[PDB]
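# An overview of the molecular structure
Okay, here's what each chain looks like letter by letter:
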Protein chains: 2
Amino acid sequence: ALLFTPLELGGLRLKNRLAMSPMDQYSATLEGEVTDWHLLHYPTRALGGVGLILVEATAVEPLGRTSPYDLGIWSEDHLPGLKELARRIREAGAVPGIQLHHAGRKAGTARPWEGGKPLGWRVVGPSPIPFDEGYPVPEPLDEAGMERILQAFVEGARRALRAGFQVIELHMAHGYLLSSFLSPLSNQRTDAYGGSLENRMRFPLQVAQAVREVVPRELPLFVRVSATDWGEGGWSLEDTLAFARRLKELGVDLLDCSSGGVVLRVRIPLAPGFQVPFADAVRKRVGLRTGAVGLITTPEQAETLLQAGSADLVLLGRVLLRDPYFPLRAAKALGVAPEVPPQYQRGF
Amino acid sequence: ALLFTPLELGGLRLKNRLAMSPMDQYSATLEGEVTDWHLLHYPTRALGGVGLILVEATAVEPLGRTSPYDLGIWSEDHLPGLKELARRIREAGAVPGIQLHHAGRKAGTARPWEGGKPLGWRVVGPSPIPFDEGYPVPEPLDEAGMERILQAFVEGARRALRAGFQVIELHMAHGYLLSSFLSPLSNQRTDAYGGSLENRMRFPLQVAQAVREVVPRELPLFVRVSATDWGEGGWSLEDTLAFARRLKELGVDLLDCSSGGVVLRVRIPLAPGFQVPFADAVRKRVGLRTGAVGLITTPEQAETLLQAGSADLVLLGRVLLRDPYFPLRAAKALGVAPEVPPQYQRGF
Ligand SMILES: Cc1cc2nc3c(=O)[nH]c(=O)nc-3n(C[C@H](O)[C@H](O)[C@H](O)COP(=O)(O)O)c2cc1C
Ligand SMILES: Cc1cc2nc3c(=O)[nH]c(=O)nc-3n(C[C@H](O)[C@H](O)[C@H](O)COP(=O)(O)O)c2cc1C
């Protein structure tokens, strides 16, 4: 069973091919600090049996936050909390990783269970187009603003390494800053950073290159992309192949294949495995390693997409909110006798 | 669905009829203190959705421990750890309870994953019969020894209340001290505490009475019993009915119906729900409230035994070692929309 066979990335060996997908908990302090909520939530899933845990979207500067309760990494005073989080993930059995983030024109909304309405922050983006009705008009970035945010990504990554995280993922998806540079639905610039495909990829590729130079080759660097935006005349799978080629040449280890989130009024053909063909096409047509994600909920499903060569890694989100010990029971269901804490041996 | 209907016991209201059965983790310090292991293990299950958590067997004196890594409650310096444990169970959503324990002739063994062999402690019991080959011969208790242990139960209970626990269970089952007084297989005394049924019940009934006097009527008192020992000429279901009648008259709130553990060489007809008839017979023939336990693993199973009038409460052990969020998903499967932490709302 490939699902419970070790995976080599960079200098590491993950004990299996399951990972916890990044999932915002909206439970940090007002200064972006780790709380008791995170120190229970994450190590529960590490005991649950994933080889790799990708911690939720973490903001590289305060205006990069999705909400006033997002995690942050813009300050040296975030280091004690983040270091404690990574340490507890590791001791529960998993490799700790983290996603680095800037919300862009979608920054500064309320929590999902408090209505989720825009709070009127002075948000930034490529072009002055609001995300939707009620949303603030983003301020277009000049070249000095781009450089500032780029430096924040480079410093954010060094600080993640100092805290003990061994996988770094760049969030270039779901309509947030770098995703909004890629799609023509949000980017209508007429300078060097808009118009052509090459122009639209420019700022996202500069961020990737600069972070790669500060992360040693032993530790993997991931990128998450929306493979398509589902909108007519928007970002396509073919664009994703061109972008993946350029990431491969810069030394990116793996492309994490998601979709959607750029615009709001689009039809999405939701079904088990609906994003797997995007992971399959990059891996087979470019030769870059991939992560598959999107309504993956059973052991046999995840095993089969690996056997088909569609991805190297399987990412799980929602199933782990309602069933954190899924990977231990999945192993048993595929005829592998799982490694469990000795305290729970009579439970299996 | 009775399974997710509130239950009134004493002065409390449990939000549902599921409880976490007591399960030794062998992860305390050498002084019986709470550790990081317990502070992750227990609140995980409280978020998982049980109305009541019964913390593992906790030793009322050091010679009462099953292992050198059992929890203890013999000292005021156990209070800070126990208080922190109860507080974290409560804040994750469950009523915190605790089982009080004395291992008897089965005291002082190694952990299950370190071989489980006797360490040669100076153990006590009713009669000088070893549990099995290799085991130390217990020293028979005199009346002063009985009184000492009885006081330890009374003080143990006051200390549990000071820590914030709201349900107290007495462990009079599984071949440990008070269970071994009940069965003729371990008790062959010829004084006032052996021979007849009434004699064999005497020390166990004295413990129950004394603890009941220090626990206020608003807080429930439980007793766990082996309803049978499965051995020819041993403790029977009929004996259990007589014993339950006497517990009812003393003000005991509920009888927790288990079986076995007194002797080792007995045939046990293991199957889903094999201990439910014992809970059913006490509840219907005596009118004392009951807890059912033993290979209960599905929502429909637990609902049906409640509909039949076989018990008031359902206790879950092994299913919660491998699936701690079972009760949230069980609710959904019975058509009740569960109460979940807002962070996990999109998972359901
Ligand atoms: C509550 C919640 C929070 C999420 N937060 C993030 C995030 O911070 N960053 C990210 O890239 N994706 C995020 N996602 C998307 C998931 O990582 C995942 O890609 C998506 O839910 C599909 O996988 P699933 O069907 O296995 O959940 C989130 C999803 C949910 C439901
Ligand atoms: C590892 C382990 C530890 C246990 N510890 C205790 C205990 O400390 N006290 C107790 O009364 N029962 C204990 N039990 C018995 C369980 O509480 C339960 O009655 C039994 O496992 C049957 O329920 P289940 O089939 O739902 O697990 C333990 C069982 C296991 C597997």
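Quick notes on the rules
- Residues numbered from 1 in each chain as written, not as in the entry; some residues may be left out.
- Chains lettered and ligands numbered in written order.
- Heavy atoms only, no water.
- Least-squares fit on C-alpha atoms.
- Contact = heavy atoms within 4.5 Å.
- Near = heavy atom within 4 Å.
- Polar contact = N/O pair within 3.5 Å; in protein donor to acceptor, adjacent residues only side chain to side chain.
- Areas by Shrake-Rupley, 256 points an atom, 1.4 Å probe, with all protein chains shown as cover.
- Nonpolar A, V, L, I, M, F, W, Y, C, P; charged D, E, K, R; others polar.
- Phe/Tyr/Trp six-rings, centres within 6.5 Å; stacked < 30°, edge-to-face > 60°.
- Buried < 20%, exposed > 50% of the residue type's maximum accessible area, 1.4 Å probe, protein only.
- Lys NZ or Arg CZ within 6 Å of the ring centre and 35° of its normal.
- Buried area = accessible area lost by both parts, 1.4 Å probe.
- Helix = DSSP H or I, 4+ residues; strand = E, 2+ residues; numbered from the N terminus.
- UniProt positions renumbered as here; feature names shortened; annotations may be inferred.
- Pairing = 2+ DSSP bridges.
- Patch = residues over 30% accessible without salt bridge, like charges linked within 9 Å, V, L, I, M, F, W, Y side chains within 5 Å.
- Salt bridge = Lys/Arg side-chain N within 4 Å of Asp/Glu carboxyl O.
- Arc of directions from axis to C-beta.

The record names X-ray crystallography as the way this model was obtained, at a resolution of 2.3000 Å.

Note on the copies: chain A fits chain B at an RMSD of 0.0 Å, the axial shift is 0.0 Å, and the rotation between them is 180°. Expressed as an axis order, the relation between the two copies is that of a two-fold axis. Looking at chain A, 100% of its interface residues are interface residues in chain B too, so the copies touch through the same face.

The next thing to look at is the site of ligand 1. Close contacts around ligand 1 come from 15 residues, with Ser21, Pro22, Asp24, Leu295 and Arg318 of chain A the closest. Nearby residues place ligand 1 at the junction of chains A and B. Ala57 of chain A places a main-chain nitrogen or oxygen 3.4 Å from an oxygen atom of ligand 1. One of the side-chain N or O atoms of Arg318 of chain A is found 2.7 Å from an oxygen atom in ligand 1. Considering ligand 1 on its own, with 620 Å² of exposed area, one finds that the protein chains cover 89% of that surface. Class assignment for the residues of the shell around ligand 1 results in five nonpolar, six polar and four charged.

Let's shift gears to the site of ligand 2. Surrounding ligand 2, one finds 15 residues, the nearest of these being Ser21, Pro22, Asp24, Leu295 and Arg318 of chain B. One chain alone does not account for the residues near ligand 2; they come from chains A and B. A distance of 3.0 Å separates an oxygen atom of ligand 2 from a polar atom in the side chain of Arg224 of chain B. In this structure, an oxygen atom belonging to ligand 2 sits 2.7 Å away from a side-chain N or O atom of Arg318 of chain B.

Per the stated rule, a full pass over the model turns up 16 aromatic pairs over all chains. Pairing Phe131 of chain A with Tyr135 of chain A gives two aromatic rings, centres 5.2 Å apart and planes at 75°, and the pair type is edge-to-face. With a relative accessible area of 9%, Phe131 of chain A lands in the buried category. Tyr135 of chain A gets classed as partly exposed once you look at its relative accessible area, which sits at 21%. What links up through ring pairs into an aromatic cluster is the set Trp37 of chain A together with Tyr325 and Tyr344 of chain B. Stacked on the ring of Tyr69 of chain B, the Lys or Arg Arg111 of chain B has its end atom at 4.0 Å from the ring centre.

In this assembly, 29 residues from chain A lie in contact with 29 residues from chain B. The contact between chain A and chain B buries some 2,600 Å² in all, and 62% of this surface belongs to carbon and sulfur atoms. On inspection of chain A and its partner chain B, the count reaches 13 residue pairs in polar contact. Within the residue set of the side of chain A that touches chain B, elements represented by two or more residues are α1 (36–48) and α10 (318–322) of chain A.

To continue, consider the UniProt feature "domain: NADH:flavin oxidoreductase/NADH oxidase N-terminal" (unreviewed entry) in chain A. UniProt marks residues 3–333 of chain A with the feature "domain: NADH:flavin oxidoreductase/NADH oxidase N-terminal" (unreviewed entry), using the numbering shown here. A helix fraction of 35% and a strand fraction of 16% characterise residues 3–333 of chain A, whose end C-alpha atoms lie 12 Å from each other.

Right, let's get into the pairing of strand β6 (residues 95–101) of chain A. Residue and element names in this part refer to chain A. With respect to burial, β6 is a largely interior element, seven of its seven residues being buried. Judged by which residues are buried, β6 turns out to be covered on both faces: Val95, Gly97, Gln99 and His101 on one side and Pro96, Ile98 and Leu100 on the other are all buried. As paired elements, β6 and strand β9 (residues 167–172) share four bridges and run parallel to each other. Within the sheet, the bridge partner assigned to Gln99 lies in β9 and is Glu169.

A word on a nonpolar patch on the surface. A cluster of nonpolar side chains, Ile268, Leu270 and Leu295 of chain A, forms an exposed patch at the surface whose accessible area comes to about 260 Å². Along the polypeptide, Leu295 of chain A turns up in the loop between β12 (290–292) and α9 (299–307).

Below, the discussion takes up helix α9 (residues 299–307) of chain B. Residues and elements named next belong to chain B. Taken together, the buried positions of α9 are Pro299, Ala302, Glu303, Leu305 and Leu306. Down the axis of α9, the sector holding all buried residues measures 165°, keeping them to one side. Facing away from the buried surface of α9 by more than 90 degrees, the exposed residues are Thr304 and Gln307. In this structure, the buried side of α9 is in contact with α8 (276–285), β12 (290–292), β13 (313–316) and α11 (326–333). Among the residues trailing α9, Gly309 stands out with phi positive, at a value near 75°.

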